[PDB]
Amino acid sequence: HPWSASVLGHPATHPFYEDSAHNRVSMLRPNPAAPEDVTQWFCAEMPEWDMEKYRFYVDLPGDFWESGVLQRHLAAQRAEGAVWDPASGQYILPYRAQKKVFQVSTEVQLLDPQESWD
Amino acid sequence: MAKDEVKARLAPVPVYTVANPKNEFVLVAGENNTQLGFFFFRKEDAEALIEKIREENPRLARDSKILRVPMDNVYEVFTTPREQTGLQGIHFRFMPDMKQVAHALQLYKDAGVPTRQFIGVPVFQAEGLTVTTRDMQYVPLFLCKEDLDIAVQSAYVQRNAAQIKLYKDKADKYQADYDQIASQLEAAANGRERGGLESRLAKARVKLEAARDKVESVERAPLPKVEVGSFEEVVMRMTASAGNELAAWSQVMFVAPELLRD
Amino acid sequence: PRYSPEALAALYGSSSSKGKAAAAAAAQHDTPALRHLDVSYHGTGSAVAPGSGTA
Amino acid sequence: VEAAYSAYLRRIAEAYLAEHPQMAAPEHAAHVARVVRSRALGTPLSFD
Amino acid sequence: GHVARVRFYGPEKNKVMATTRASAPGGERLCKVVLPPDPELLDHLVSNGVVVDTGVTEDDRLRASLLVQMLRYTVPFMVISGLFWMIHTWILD
Amino acid sequence: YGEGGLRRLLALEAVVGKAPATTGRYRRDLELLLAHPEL
Amino acid sequence: XXXXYXXXXXXXXXXXXXXXXXXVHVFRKXXXXXXX
Amino acid sequence: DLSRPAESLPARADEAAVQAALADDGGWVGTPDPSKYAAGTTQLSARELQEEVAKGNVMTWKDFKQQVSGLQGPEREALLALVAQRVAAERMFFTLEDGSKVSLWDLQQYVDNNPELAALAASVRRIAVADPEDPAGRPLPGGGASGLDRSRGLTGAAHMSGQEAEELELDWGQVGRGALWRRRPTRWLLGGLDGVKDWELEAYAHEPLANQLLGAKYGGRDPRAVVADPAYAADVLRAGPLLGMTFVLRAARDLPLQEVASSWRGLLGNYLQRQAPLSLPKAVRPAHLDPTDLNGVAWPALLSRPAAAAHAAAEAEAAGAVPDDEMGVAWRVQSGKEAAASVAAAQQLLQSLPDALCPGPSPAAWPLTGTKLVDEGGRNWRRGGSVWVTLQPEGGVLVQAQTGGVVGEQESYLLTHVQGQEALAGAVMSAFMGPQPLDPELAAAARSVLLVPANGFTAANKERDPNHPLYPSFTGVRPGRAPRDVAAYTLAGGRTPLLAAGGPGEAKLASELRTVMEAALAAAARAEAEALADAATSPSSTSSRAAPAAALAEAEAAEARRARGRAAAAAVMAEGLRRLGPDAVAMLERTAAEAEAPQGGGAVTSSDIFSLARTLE
Amino acid sequence: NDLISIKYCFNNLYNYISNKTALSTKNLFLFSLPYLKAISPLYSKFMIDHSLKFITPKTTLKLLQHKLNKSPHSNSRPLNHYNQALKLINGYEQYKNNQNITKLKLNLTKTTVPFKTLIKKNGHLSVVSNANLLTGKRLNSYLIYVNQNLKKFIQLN
Ligand SMILES: CC[C@H](CC[C@@H](C)[C@H]1CC[C@H]2[C@@H]3CC=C4C[C@@H](O)CC[C@]4(C)[C@H]3CC[C@]12C)C(C)C
Ligand SMILES: CC[C@H](CC[C@@H](C)[C@H]1CC[C@H]2[C@@H]3CC=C4C[C@@H](O)CC[C@]4(C)[C@H]3CC[C@]12C)C(C)C
């Protein structure tokens, strides 16, 4: 659900994480490169076991694997990580490696046909 | 270049000799324990040799059989310890036909140094000639001046025809050329432009006349320079190559004798 | 489409920017395929209705 | 792109040196610059 | 670098069993993975110091599979008969 | 290969990068969630 | 190695001394031998 | 990170001057008051040292003498560690690429202080580096496969993609494989199961030096003729330990240490008894260390001192001895004595085997327990265990161990480093390769494969040389099949290189290139005579002294004349071969390249053309 | 069975040197697996100096020529600086000699090398003949049609 994706303190998520003064926490960061637009801000993602989720159905075409859409996505999201900056001599997590608001990291899981025991 | 490369590159060209039913080579005995092997590029030479054998030995002349092998395994056995098979004076040599060696020596002395002796086996090549594949332009090597120049005449005809129709292409381009030059040489008021544009016409047609001079002088130029060499030397050079001569030798290969004719 | 190399030199060597733009706008081409091939697609129509009686 | 990128580092530099005025002295012309270079790309990663 | 070994198992070798180093979250575990057709996995596996193991892959394929398939087809009848025999004779003999 | 090659060959996407265009319909709401912390 | 030739009936010399008389003349200065 | 360097300070004092401090007196240790004398105090006269020694500032040198004499136990340890890390900090340094001085103590602490960098190094995670270019911090395409990194998880060895192992300086090509059998296998009994092998041994030897020494004497002949005479046999016997030859023998089965230990004692006893005095070279150069430069080695200077190191090396060996043969060694087989005392000391060192391998009855204190080279039971040695042996020139022995298996966690061990033991060195070399070796097959194979690189090449051919006799490289071109129909014989090409044999045109082009040759070499000779007149007619203000320096000036003035002649000849070479064309340069390259000796810098007239080919550079 | 290979090697080597000398004389007259491994128990420079300490080289040969010819920020990760530090420390300890047992900090690289190396240098085009427009209940269709149309009309303004 869009409000259960990021850790924004929207008053539609169940109050899982709260302060002493009972105000939910939020993790926004105003994107110094592109301000003035809240949807391009950075924020942490919520643990998967705390999301409310739709479970949609989809038929894949008969040429899904040999078209390379999932491979393109996997490669795009897994080819970015930490870096060392020698100009400023330090480790750095770049901005293009962080999740904007409402974005999550994909987990692909395949089932085993032999695990059925009909 | 390793020996496997030359064993693969020399295979198409064969050579004839004679063996026994025991698959043994025949040799010629001499003085103080000497023998020698032979390899005749035309089997009639070995046939005449054993016809001479029949002159003095009928047994050996019935005991003959005519073998034809490429230079592959004879070059292999050259690249071996000859005393492993038994050697105390067995010197394998080649025996080219006198026709092509005579053509070779007339090539030799139509250059300026007249002699009547030859080294090796005569190989022929032509300047500009190179057989192009779907990927690269390899150099064909001809033991036969007839086959060499039969390929060379086809290549010469096709190239000089390409040149004649090239000059017809420039004839098209230049009929268009004089069109613009003529379209204002006397069509408008004269002065600056008449001088400039008929100097342009002089430019264009003196250049195109020297051009056609070049085009047909190419045919009036002689036969592209034919060269002759020794097979002994070209092989021992092919074997001991590394570096620039590597890429040089790596695209030369030898055609079969009397293959281009029929 | 096959372009003449002059168009390539025009888009390449010209240090200008809109010079390259006008070069790429004024470039021409030729298509040898118009001299060797003419392709047509057809469907072999049917002679039986998908719900008729002879079906 | 030149003006946009320069103004981006400018804005983040204003923000930082206004957040902590103590190192806003010229003594840090290589220090606050070292922080701007680290902050224009992402977040500084602690080893742990 | 938190896995030590992977072993490609199965009659078609698409599942791998993965051994997790002590440097992993949760200590040592044995974890099974079904993999997609990803032509980039083998390089990622070797160039990080992983011990890869493969089966014997039994080249024949329609001679390796015949008797086991006969068993897959005949054994359910034996299971059903044994279950019913147990209940209906091993009690009320 | 392709078409329009001559025209084929004629900002901060290298840092933050792309802007996601599937979720503008929530922008407004987020703004409100910033203007009233007590919510 | 190499062999010298002289187109005269052409004579030949090996580094015994074959003579290609236009037939042949296997001079010595008897082809009763075989491989072993 | 690194790069904590220092300045150009005088620490290495060129020992000829330090003996002035060796015969010094009235010195001291300390530092006086700064309020009176300036910082940098090594000066102490009579008056001021007297006053401060009555004051409490500085003690005298023989003061420190009897203080160290009296210092016992804990503060002895204190000042020990003090002066130790002090001298490690300000006296012994290494060098960076910039040539500065990083010391011993700071480097020690930098290495074994940060455990976080050790944790980084232990794992594999490779992290791209942001571009120092400021705009986007885009990581560069550096990446890297690093075939040493691609090889972990493997068991036997590390595949290396050739050139990578060459740039790693692994200059020990494998020479021979043999096997120590408890009982060699029989063809007749069933399947040869009777074969029980003790160890699986391999040998290696330095290939550059194998080309350097043995390639200059036994190179250039018939290989069979070179190996056929026993002079080469005594050569490979006595010059073995000079090459730093290595023997790597691995465990093939279960081995209890007592068993194989008694086996080794009985094995090296007979080689200890039956051998004569050793044949050793003469040490031409002292090779002192330069503590302040603790990673600098002089052999590049030794080969490139004046660019004419032949003459200086000759006048240097003039002191020690003149070599006994072609390669450059002045042999000296030691006399009657020094031939049994060393053998007695070797027998003693072997007498320590049952004691050092098996000290006492408790394995808990045995040196083998507690690590995977042997079992946890303390009495068996594991299969895959490897022993490396190396022999320095001057009787020194190096010995290491390595438990095999997963390359990612292989454990290497250094056992001991004894020196001067020429007897055991000779015993090992003449036992592995001697007249009666443990297996003459590997001896023969190793001698022949030590012959093969003396021609210049290297077994395990790490140069992709297409004329390598054992492992040749092929060319990517495909053998073209000339077609029968005349349709691909284009002739539309303008040029292709001339590759005929001896013909009517190539003799001519070679003779005109020879005309250019004589013009060029005559220009070179007259330029050398010009440089002669230049060096002669100039008034060099030189006091006649230091005859070695004057001989060096002679040699390198001749060298300068030769170099000016070389430049002149190269100029007229470009002139002529520009005038005639590229066919001349191609055939000249061919003849010069073949004319160069396969096993030398410049060797087996041809000298002129190959020197001028060096002017082609 | 290494000697078979090395017999072929001796064949090739003798033929190579013989043909090289032959063509040298020729053109001068015209003018006028057993062994695939590598190790390094000691740095090459160190033992090279230690050995050359006894040898007078009259001239430098090909292999040493290559070595001295190869003698003369993309690697600025702290791991690489630690690497070079351990490198120099282990070299120093290697040539410092000249539990009672030491194990190294690095491993010795026993290396294999590859042999038989080379020179250093959509959519688909299906189409029907004639579309079958669905010609050959409907009141509800027309009803919903015009109803949605007039709903849109009233919702325009
Ligand atoms: C015939 C032996 C052959 C391999 C050669 C090995 C066993 C020899 C070569 C160098 C020797 C050591 C030199 C100094 C040490 C240290 C001292 O504490 C005690 C003696 C000891 C071990 C020496 C004795 C054992 C060492 C290793 C095998 C393959 C048959
Ligand atoms: C690989 C053969 C092996 C026998 C062990 C051999 C290699 C011997 C020769 C060198 C010795 C070391 C030299 C002297 C030191 C110092 C001394 O105080 C304590 C013992 C210790 C470590 C010695 C420990 C044992 C060493 C390695 C087995 C497999 C037959």
Side-chain angles (χ1 to χ4, degrees), chain H residues 151-160 165 170 172-185 195-205 244-261 263-264 267-268 353 357 367-368 371-375 379-391 397-416 428-429 431-433 437-439 441-443 445-446 449 459-460, chain I residues 1-2 33-42 101 103-104 106-113:
Chain H
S151 321
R152 289 143 63 225
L154 287 160
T155 47
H159 190 289
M160 258 268 156
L170 320 181
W172 271 281
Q174 194 181 28
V175 304
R177 321 178 316 182
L180 201 183
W181 294 81
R182 170 95 82 87
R183 248 160 52 91
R184 316 194 65 97
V196 42
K197 182 184 306 200
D198 263 27
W199 286 67
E200 184 31 59
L201 75 108
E202 310 104 87
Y204 312 76
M245 173 164 227
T246 93
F247 297 95
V248 168
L249 88 160
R250 205 211 311 104
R253 65 192 179 115
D254 223 308
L255 309 167
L257 47 144
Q258 282 76 18
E259 191 221 61
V260 191
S263 174
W264 286 12
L267 267 160
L268 231 230
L353 190 49
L357 232 228
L368 60 143
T371 182
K372 334 207 168 238
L373 300 112
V374 306
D375 58 356
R379 289 182 193 183
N380 278 3
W381 173 272
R382 301 208 205 202
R383 187 214 306 119
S386 205
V387 164
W388 290 29
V389 166
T390 36
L391 310 157
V397 184
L398 278 56
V399 68
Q400 285 158 321
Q402 188 184 67
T403 166
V406 287
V407 173
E409 294 139 312
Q410 278 186 358
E411 288 87 357
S412 289
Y413 269 77
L414 183 158
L415 317 188
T416 329
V428 167
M429 56 89 157
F432 277 126
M433 299 277 130
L438 300 104
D439 257 356
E441 318 94 284
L442 83 135
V449 86
Chain I
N1 314 137
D2 323 39
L33 267 294
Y35 317 123
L36 276 162
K37 255 197 198 178
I39 57 167
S40 75
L42 185 36
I101 193 149
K103 50 158 314 181
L104 289 77
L106 275 52
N107 193 27
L108 295 306
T109 85
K110 182 182 308 166
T111 274
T112 316
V113 159

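Labels below follow one simple rule: chain letters A, B, ... track the order of the sequence lines, proteins then strands, and each chain is numbered from 1.
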Test side chain to side chain contact (heavy atoms under 4.5 Å, CB included) applied to H:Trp172 and I:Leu42, step by step: CA-CA 10 Å; H:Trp172 271 281; I:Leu42 185 36; 4.2 Å; yes
Quick one: are H:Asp254 and H:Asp375 in side-chain contact, heavy atoms under 4.5 Å? no
Give a yes or no on whether the backbone of H:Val374 and the side-chain of H:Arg382 come within a donor-acceptor separation of less than 3.5 Å. yes
How long is the span from the CH2 atom in H:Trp388 to the CG atom in H:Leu398, to the nearest 0.5 Å? 12.0 Å
With a 4.5 Å heavy-atom cut-off, do H:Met245 and H:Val175 have their side chains touching? yes
Residue pair H:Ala459 / H:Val449: nearest heavy atoms and the distance that separates them: CB-CG2, 4.2 Å
Side chain to side chain contact (heavy atoms under 4.5 Å, CB included) assessment of H:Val248 paired with H:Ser386: CA-CA 7 Å; H:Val248 168; H:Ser386 205; 3.4 Å; yes
Is I:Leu104 close to H:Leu414 at the side-chain level, that is, under 4.5 Å between some pair of heavy atoms? yes
Is the shortest side-chain heavy-atom distance between H:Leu255 and H:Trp199 below 4.5 Å? yes
Would you call H:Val407 and H:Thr155 a side-chain contact if the rule is heavy atoms closer than 4.5 Å? no
Could you tell me if the side chain of H:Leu170 sits less than 4.5 Å from the side chain of I:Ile39, heavy atoms only? no
Got a second to check how far H:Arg177's CZ is from I:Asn1's CG, nearest 0.5 Å? 8.5 Å
Approximate separation, where rounding is to 0.5 Å, of H:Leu391 CG and H:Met429 CE: 8.5 Å
Here the pair of heavy atoms bringing H:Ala179 nearest to H:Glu200 is CB-OE1, 3.3 Å
Answer yes or no: is there a side-chain heavy-atom contact under 4.5 Å between H:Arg253 and H:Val196? yes
Test H:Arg250 against H:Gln402 for side chain to side chain contact (heavy atoms under 4.5 Å, CB included), laying out the working first. CA-CA 9 Å; H:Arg250 205 211 311 104; H:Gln402 188 184 67; over 6 Å; no
Given the rule in the side chain to side chain contact (heavy atoms under 4.5 Å, CB included) test, do I:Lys110 and H:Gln410 qualify, once you have shown the distances and angles that lead to the verdict? CA-CA 11 Å; I:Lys110 182 182 308 166; H:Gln410 278 186 358; over 6 Å; no
Over all heavy atoms of both residues, which pair between H:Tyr204 and H:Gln174 is shortest? Give the atoms and the distance, please. CD2-CA, 3.4 Å
Search all heavy atoms of H:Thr246 against all heavy atoms of I:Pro41 and return the closest pair with its distance. CG2-CG, 3.9 Å
Rounded distance [0.5 Å steps], CG in H:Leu257 versus CG in H:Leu357: 5.5 Å
Is the closest basic N to carboxylate O distance between H:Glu409 and H:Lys372 below 4.0 Å? no
From H:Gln400 CD over to H:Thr416 OG1, what is the distance, rounded to the nearest 0.5 angstrom? 10.5 Å
Main-chain N/O of H:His159 paired to H:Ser151 side chain as donor or acceptor, under 3.5 Å: yes
Pairwise side-chain contact, H:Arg184 with H:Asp439, heavy-atom cut-off 4.5 Å (strictly under): yes
Between H:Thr390 and H:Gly244, what is the shortest heavy-atom contact and its length? CG2-O, 4.1 Å
Reported NZ-to-OG1 distance for the pair I:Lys37 and I:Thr112, which is rounded to 0.5 angstrom: 6.0 Å
Any idea which heavy atoms bring H:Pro367 and I:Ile101 closest together, and the distance? O-CG2, 4.4 Å
